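Remarks on the structure that follows.
Here Cβ is always computed from backbone atoms with ideal geometry, including for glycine, and neighbour counts include all displayed protein chains. Each value in this text was obtained by applying a stated rule to the coordinates, not by laboratory testing.
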4 protein chains.
Amino acid sequence: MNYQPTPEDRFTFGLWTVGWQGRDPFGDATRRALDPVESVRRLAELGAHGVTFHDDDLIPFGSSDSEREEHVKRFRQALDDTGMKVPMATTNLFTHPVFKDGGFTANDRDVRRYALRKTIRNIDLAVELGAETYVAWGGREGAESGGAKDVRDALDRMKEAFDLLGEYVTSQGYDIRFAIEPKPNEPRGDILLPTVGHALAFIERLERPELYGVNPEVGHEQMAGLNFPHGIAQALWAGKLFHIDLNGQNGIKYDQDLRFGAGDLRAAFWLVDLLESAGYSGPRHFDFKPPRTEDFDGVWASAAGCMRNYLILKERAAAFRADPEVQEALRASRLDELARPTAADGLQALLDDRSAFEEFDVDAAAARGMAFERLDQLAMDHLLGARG
Amino acid sequence: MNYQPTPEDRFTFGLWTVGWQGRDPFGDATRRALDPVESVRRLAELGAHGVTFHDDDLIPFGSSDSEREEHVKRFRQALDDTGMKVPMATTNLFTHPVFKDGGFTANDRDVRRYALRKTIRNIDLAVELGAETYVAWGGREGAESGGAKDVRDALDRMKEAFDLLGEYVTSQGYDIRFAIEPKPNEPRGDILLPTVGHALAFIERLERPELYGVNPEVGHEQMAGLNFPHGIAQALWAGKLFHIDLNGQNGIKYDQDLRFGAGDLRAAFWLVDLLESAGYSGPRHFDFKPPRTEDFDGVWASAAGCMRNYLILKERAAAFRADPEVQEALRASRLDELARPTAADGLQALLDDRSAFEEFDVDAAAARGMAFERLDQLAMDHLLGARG
Amino acid sequence: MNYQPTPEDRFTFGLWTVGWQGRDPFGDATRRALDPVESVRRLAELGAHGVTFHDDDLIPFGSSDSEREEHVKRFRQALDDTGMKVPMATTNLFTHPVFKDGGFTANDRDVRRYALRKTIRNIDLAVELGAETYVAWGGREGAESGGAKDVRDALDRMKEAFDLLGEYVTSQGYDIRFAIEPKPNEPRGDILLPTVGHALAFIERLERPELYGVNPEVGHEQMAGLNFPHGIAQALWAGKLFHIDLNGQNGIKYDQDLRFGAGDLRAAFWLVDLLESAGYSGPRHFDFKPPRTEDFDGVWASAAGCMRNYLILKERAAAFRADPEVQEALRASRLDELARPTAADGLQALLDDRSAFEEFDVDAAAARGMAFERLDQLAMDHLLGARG
Amino acid sequence: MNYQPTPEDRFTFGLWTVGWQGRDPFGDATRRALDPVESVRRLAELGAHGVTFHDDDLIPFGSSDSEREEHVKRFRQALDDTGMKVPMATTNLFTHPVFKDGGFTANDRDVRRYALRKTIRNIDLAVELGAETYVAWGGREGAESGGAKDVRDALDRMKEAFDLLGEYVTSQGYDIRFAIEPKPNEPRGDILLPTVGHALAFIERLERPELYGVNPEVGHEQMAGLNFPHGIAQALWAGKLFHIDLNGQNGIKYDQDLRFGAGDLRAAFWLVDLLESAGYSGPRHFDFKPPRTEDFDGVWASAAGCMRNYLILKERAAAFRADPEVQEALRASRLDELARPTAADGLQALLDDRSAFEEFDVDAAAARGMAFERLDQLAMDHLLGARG
Ligand SMILES: OC[C@H]1O[C@H](O)[C@H](O)[C@@H](O)[C@@H]1O
Ligand SMILES: OC[C@H]1O[C@H](O)[C@H](O)[C@@H](O)[C@@H]1O
Ligand SMILES: OC[C@H]1O[C@H](O)[C@H](O)[C@@H](O)[C@@H]1O
Ligand SMILES: OC[C@H]1O[C@H](O)[C@H](O)[C@@H](O)[C@@H]1O
């Protein structure tokens, strides 16, 4: 009867989430900047396992090698003071005006080289803090008009970028993998690799595909109206779910970054059911924004709420799968047959099987109800804790 | 000053397009059935290069081996009479009630085996009529609720299906490739492999990936709000654009299948520009529905309109790329630099290049306008034939 | 601890809902036709209060005045046998090919007159069966292309139609009101009066506005990505919520008509909270389609599920509003101030109030958090029955 | 053969459009602030008729009554120097943190009174500069969660606000009308009065409805996937199109504010056709953002492009309507009958007309094609200047 999170739950938060000041395209900041050290302390008190950062969240853009050292030093002391970990790091290649047409796929070649140097310096920092995953979110790679970007050349430049980071990582002997985070649009009119599917396909063309996976975000796939649990299943099937970003989104519209559980509640349920059943072992990272209506007390309530909602859905999904009535319904709907090979007897025996065509009764087969609505109502009852 | 199509233009139409009777989820048919032989004759008069078919369009479901032979015979005589070709064929695994939970990923194993036998019989037919591409549209593979379909098991069953068709094709020595046609939803709540990206990623897990590519459709990627020209560029980059379905769509809503050029006009322009510039050599296939408001005269006007609109956009895109003013703008916007390698000097020389980081002037770089709006207005002027 | 519905709950179902045979734009029917008499009996056993009908659901199109009488007679006997009521009736002006360009706004004038006669005959039938609300869903009023429909002339023809039905109803002394049911698209490319807002605005231009209100449907407003509870609040504010259609929808896509509670679960919660708190007294009508994957047992399970899910949300919303902790949070978020007039002192005293501008501390006001995230987490806890 | 705009064309621009510095939710400004005086001069050179402003664009927030006077003085001198007019003004009730929960419908009553005082002061300024229309865009009126805002109370507070501004305007004898500008979302999760329809309906509940109309924006209705030309037709039918905001939008996504003609090109065509044919006489106002990829030269090219694209579409729509072939097609599609009353003979004669029901041939009527696809292809040919 308790939903208190603990560091064993692997809940993580970006510094930029609870640290968002509330600036949006139509208004000024409503909250003051948070000292990252303060953010690490508050989160550890909430039961969080660790934090993530962009380079620029930690070390303000343009810091001397000196102030850099200082910033890192204060941070690492806070991590030591609280026991918090840093499992993922990432680069800011979107805020500075120099990236207005992108970083790795900017039309200006000198900007692309600078984007690579800026990334490499942060990968070094990441490994030193102990991160296992390095995330790439190409928020500015894309276009508002069709002639501004040849997409085949852009994809060449993107592959070229990732191949070089792969060479760098292997040449240095680092233990760190990359994760591509897709987004369909915003802040560009259209962004390159806009969904989980496109990023997965792209990875298979890199020189060392085994170094790269995806970091899918709940709200981003939903901005394309796609089913996030299905996308995640596809990522898992491919062996490529290296990391994941949890939050909430109300439909196809601007990227809302609501706290996890807000937005589409049933998708959050089916997502939790899948992560826990596939035995996902990575961080449960929250990429969310406390609404700018909130003061700092609402910030910490919003962060706590992400963890609570995960722990409640986890208990509801486990009870659903544990319910014998549910196991019976799953058999009535033939989930068991879905898992059996269609033709383990082989092509030849299938061709010779008259019960598979010549003598197949299509009419009987047709008449068989799938019993999916009772199964779904069972899932609803479990979700709402209304199971008798 | 003429936009008359000719068979050298490679324009093709499915039998199901001009043959649509007008039945929709809320109304009865408004037009009588068209004899496929009549459809082949009318289309050849319009300047079409050939037709495509589902098995069930040609041979009514449940035909005896005898009436089958008859139907094929009348068809092939019409092809001989007109000189029309059949470059693509496909299977109907969605209309019959037996496929209500799918064909290759139906939960019932006996339905999946039947779906494979039904497909294989049509591949044989396809090769005999001379088709080079066999399209798979899994319209019923998917779900309306989350518990009804384990997506990792479904993807196993899908891969299993495609692997067996690949074994069959290679064992028979057939010259024919497969093309997966993605759709995000409808008629299922969510459909598996919902975008070009997901189908591409899936193909890399098949046993003989080189046998499979995509058949993207304009309206389907738009039902996910995605940029179709970008998706097509990604398909081309991968060497996987085996075929393409042209039509029009007004946004995220039911699959409209409007005639090509209707819908998003500028996307149609940038698509034509890309197909012609990449030297796409496949059929320009129209998958469209003449609106049920139309009688047969409007049917043939709608079909002609698809071809006309392609030929007009083709001329406008060629004039755009041929315009010296446009070539100058492309250089001002640095499309030329996009095409140059970021670091052909290699990782080490990039790390040692102080002009790439230490001494990079970010501020100057930032100040450089991309000149994309003038380039786009030039593209608009060319599209509207308002270029001075 | 029980969610059994009873006729006092006012749950109603259209004959076309549980009676849907499963025909969709890509497949044949998966279920046989249901005898309306059988549908009335099964629903009464489930605890339903009554049924609704289109004319054509009850009396097959083209029935002789004789077979008509017969059909009505069998129906009314079933109503008498079960105690079921018929609170709403409506017209089918969309299935027959003659309505392919619409009924009231068809370009052909003779089709518009026929649509009015067909409606008037059914209003007579409706009143005789005791219906209080007559619904109009103009599914075919609209267009796929811009030149096909002058929308100002179409709106003249629509107003003209509704004015004549208003004249007819008042001249006959009937006790029956009209309800306009908006839909943004499908089966037309764009449909006229596409949202609750447009229908409300239109009503204010009719000759007797007091005779007309709206019949909003959950899924239809969601096909425009709008917030249905807000739309319903606007309808209530205007005194125009005459009836309502409950179901579920997963986003902007084809009209899914899922059972109520499926789709966007939190919106269903906030909708129930609003209906019960505003004291909506009309039927709780379900306009849903049992998925064609289902046999008749799944049909009846789907129908039961709509009622169950309403009764569970009703209990969760009542517990939320009854929670003292929630009443305290509502005061912390100043819902109490929202309800107070801004300036009951009047314009002049507001102009003279220096505390309202000259001496207003904007900075203090700004700093005040709204406490909305804790309030929302409280609402989530109550919804999931995880409230301590 | 010329598309040069002139002040007689009535093209206007907000100061905030060409003045946008490029700050977006993910990046810093890419352009320096423009002096409004400079913006007025550049626009007059481009052929613009005048400018619009928010209070805060002209007079920086917190200016002394003194610096205020100064700012106004420099502006009005620029207007005198160039002959530019100021036909519309509006209030900024969204940027300052104090408006984070709204202005007129903020839960805090003291914030609502301050919002009214801030507005009234600017209406005075507006009238003095000669504006005829005062626009209200309630960008912050709305919510991210359902319990944070009782929408019936919010609508009471909104009506209360508009009623008081109406009292103020009539008490002062000012010649100025109000225009409500709808937006469905962003920056709030859901915004109140989200479409043209909802704002129109709301206006009919104000105390002096004749003082208020709508200021619809191309991109905002498109963010709900609605047809903007239809929405505008409805506004015109109601006598409520007081002003209009022109720009471009690519679908359902963040508010892009692309230059007019970009986005959905065919909708822009049908919009121009309607404005010119209904004889809309108001400003053609552009609410657009030059993309942050642009330097100031691209800013002025983007602004010129809005005007050019309007003038090209205006010529294409006029040629379409002037084409005798088009006038013939319109008769073949029975646009002429659409404009004729359905029943000017009255209810009684319609009831007695057996040719309207008893003896109506539904089958013949059904068989009649609407000829809409040829009409639309004619419209396409005219749009692309490919009309023989
Ligand atoms: O990838 C790193 C992060 O960068 C930005 O914060 C993006 O907004 C966020 O979605 C992404 O997760
Ligand atoms: O893949 C074969 C064809 O099957 C159906 O006709 C689909 O509606 C169409 O989109 C697809 O192209
Ligand atoms: O308005 C009567 C009914 O007609 C049709 O069944 C529509 O699909 C449904 O949404 C509407 O409620
Ligand atoms: O209403 C005044 C203006 O305020 C803001 O600039 C909105 O972004 C714009 O859409 C609106 O037109």
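Which ones in region B:139-159 are more than 14 Å from B:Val111 (Cα to Cα) and either within 16 Å of ligand 3 (Cβ to nearest atom) or of a type outside the set (A, V, I, L, M) (or both)?
B:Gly139, B:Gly142, B:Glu144, B:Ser145, B:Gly146, B:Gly147, B:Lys149, B:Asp150, B:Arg152, B:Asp153, B:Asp156, B:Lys159
Out of everything in region B:346-381 that is in a loop (DSSP other than H, G, I, E, B) and aliphatic (A, V, I, L, M), what residue ends up being nearest to the other protein chains (Cβ to nearest Cβ)?
So the residue we want is B:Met370.
Among the listed residues A:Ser333, A:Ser302, identify the single one that is touching a helix residue (DSSP H, G or I) at 6+ places or on another chain (Cβ under 6 Å), buried (at least 24 other Cβ atoms within 10 Å of the Cβ) and within 30 Å of B:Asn107 (Cβ to Cβ). Even if it seems obvious, please write down each step before you answer.
Details: A:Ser302 fails: within 30 Å of B:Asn107 (Cβ to Cβ).
Residue meeting the stated conditions: A:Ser333.
Could you check region C:149-159 and list, in sequence order, the residues that are free of Cβ contacts under 8 Å to residues at least 24 places away in the same chain and within 7 Å of chain D (Cβ to nearest Cβ)?
C:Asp150, C:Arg152, C:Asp153
Failed condition for C:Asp175, given (1) more than 7 Å from chain D (Cβ to nearest Cβ); (2) outside any helix (DSSP H, G or I); (3) over 25 Å from C:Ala131 (Cα atoms), with all others met?
Against the list (1) more than 7 Å from chain D (Cβ to nearest Cβ); (2) outside any helix (DSSP H, G or I); (3) over 25 Å from C:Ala131 (Cα atoms), C:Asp175 comes up short only on (3).
Only residues that are closer than 21 Å to D:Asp257 by Cβ, without any contact (Cβ under 8 Å) to a residue 60 or more places away in the chain and of a type in the set (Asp, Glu): list them for region D:1-37, please.
D:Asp28, the sole residue that qualifies.
Every residue in region A:336-350 that is surrounded by 18 or more Cβ atoms within 10 Å (Cβ to Cβ) and in contact with a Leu (Cβ under 9 Å, 6 or more places away or on another chain), please. I'd like the intermediate steps shown before the answer.
Kept after step one, since they are surrounded by 18 or more Cβ atoms within 10 Å (Cβ to Cβ), are these residues of region A:336-350: A:337-338, A:342-343, A:350.
Selection gives A:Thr342, A:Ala343, A:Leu350.
Please go through region D:147-190 and give me each residue that is within 19 Å of the chain's Cα centre (by Cα), basic (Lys, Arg) and buried (at least 22 other Cβ atoms within 10 Å of the Cβ), ordered by number.
Within region D:147-190, just D:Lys183 meets the criteria.
Condition first: under 33 Å from the mean Cα position of the chain (by Cα), more than 30 Å from C:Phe53 (Cα to Cα), surrounded by fewer than 21 Cβ atoms within 10 Å (Cβ to Cβ) and not hydrophobic (A, V, I, L, M, F, W, C). Can you find one or more residues in region C:273-293 that meet it? Let's see the steps before the verdict.
Looking only at region C:273-293, we keep the residues that are under 33 Å from the mean Cα position of the chain (by Cα), and these are C:273-293.
Subset that is more than 30 Å from C:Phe53 (Cα to Cα): none.
Checking region C:273-293: not a single residue is under 33 Å from the mean Cα position of the chain (by Cα), more than 30 Å from C:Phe53 (Cα to Cα), surrounded by fewer than 21 Cβ atoms within 10 Å (Cβ to Cβ) and not hydrophobic (A, V, I, L, M, F, W, C).
Do the conditions hold for C:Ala379, that is, is it within 28 Å of the chain's Cα centre (by Cα) and surrounded by fewer than 21 Cβ atoms within 10 Å (Cβ to Cβ)?
Spelling it out, it is not the case that C:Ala379 is within 28 Å of the chain's Cα centre (by Cα) and surrounded by fewer than 21 Cβ atoms within 10 Å (Cβ to Cβ).
Which of the residues belonging to region B:58-100 are within 14 Å of another protein chain (Cβ to nearest Cβ), free of Cβ contacts under 8 Å to residues at least 40 places away in the same chain and farther than 19 Å from A:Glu358 by Cα?
Selection gives B:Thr95 alone.
Would you be able to tell me the number of residues in region B:19-41 that are buried (at least 18 other Cβ atoms within 10 Å of the Cβ) and over 30 Å from C:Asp56 (Cβ atoms)?
Counting residues in region B:19-41 that are buried (at least 18 other Cβ atoms within 10 Å of the Cβ) and over 30 Å from C:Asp56 (Cβ atoms) gives 3.
Restricting attention to region B:127-146, which residues are part of a helix (DSSP H, G or I), surrounded by fewer than 23 Cβ atoms within 10 Å (Cβ to Cβ) and either of a type in the set (D, E, K, R) or facing chain A (nearest Cβ under 7 Å) (or both)?
Matches in region B:127-146: B:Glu128 only.
Within region C:51-61, can one find any residue that is part of a loop (DSSP other than H, G, I, E, B) and β-branched (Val, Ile, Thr)?
Step one: of region C:51-61, the residues part of a loop (DSSP other than H, G, I, E, B) are C:59-61.
This time we only want the ones that are β-branched (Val, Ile, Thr), so: C:59.
Yes, that holds for at least one residue.
Which of (1) free of Cβ contacts under 8 Å to residues at least 40 places away in the same chain; (2) crowded, with 23+ Cβ neighbours inside 10 Å; (3) not polar (S, T, N, Q) is the odd one out, the single condition C:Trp237 does not satisfy?
In the conditions (1) free of Cβ contacts under 8 Å to residues at least 40 places away in the same chain; (2) crowded, with 23+ Cβ neighbours inside 10 Å; (3) not polar (S, T, N, Q), C:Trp237 misses (2) alone.
Looking at region B:251-272, which of the residues that are away from ligand 2 (no atom under 16 Å from the Cβ) and among the aromatic types (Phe, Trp, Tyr) is surrounded by the fewest Cβ atoms within 10 Å (Cβ to Cβ)?
Ranking the qualifying residues of region B:251-272, first place goes to B:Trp270.
Could you please find all residues in region D:188-220 being assigned to a helix (DSSP H, G or I) and more than 10 Å from every other protein chain (Cβ to nearest Cβ)?
Within region D:188-220, D:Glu210, D:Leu211, D:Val218, D:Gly219, D:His220 meet the criteria.
Name the residue, out of D:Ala278, D:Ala268, D:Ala303, that is within 22 Å of D:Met84 (Cβ to Cβ), more than 16 Å from ligand 1 (Cβ to nearest atom) and among the small types (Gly, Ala, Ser).
The unique qualifying residue is D:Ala303.
Six or more apart or on different chains, Cβ atoms under 6 Å: show the pairs whose first residue is in region B:189-206 and free of Cβ contacts under 8 Å to residues at least 40 places away in the same chain and whose second is among the hydroxyl-bearing types (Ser, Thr, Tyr).
Hits for this filter: B:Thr195/A:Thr195; B:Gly197/A:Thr195; B:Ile203/B:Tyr212.
Run down C:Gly282, C:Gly263, C:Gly231, C:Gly225 and say which single residue is facing another protein chain (nearest Cβ under 10 Å) and farther than 22 Å from D:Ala199 by Cβ.
Numbers: C:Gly282 fails: facing another protein chain (nearest Cβ under 10 Å); C:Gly231 fails: farther than 22 Å from D:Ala199 by Cβ; C:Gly225 fails: farther than 22 Å from D:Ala199 by Cβ.
Selected residue: C:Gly263, the only one of C:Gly282, C:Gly263, C:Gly231, C:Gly225 that is facing another protein chain (nearest Cβ under 10 Å) and farther than 22 Å from D:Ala199 by Cβ.
Picking from B:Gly251, B:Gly213, which residue would you name as being closer than 24 Å to B:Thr133 by Cα and away from ligand 4 (no atom under 16 Å from the Cβ)? Spell out the reasoning first.
Details: B:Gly251 fails: closer than 24 Å to B:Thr133 by Cα.
Going through B:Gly251, B:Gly213 in turn, just one is closer than 24 Å to B:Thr133 by Cα and away from ligand 4 (no atom under 16 Å from the Cβ): B:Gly213.
Would you confirm whether or not region B:316-338 contains a residue that is away from ligand 4 (no atom under 16 Å from the Cβ), facing chain D (nearest Cβ under 9 Å) and in contact (Cβ under 8 Å) with a residue 60 or more places away in the chain?
yes
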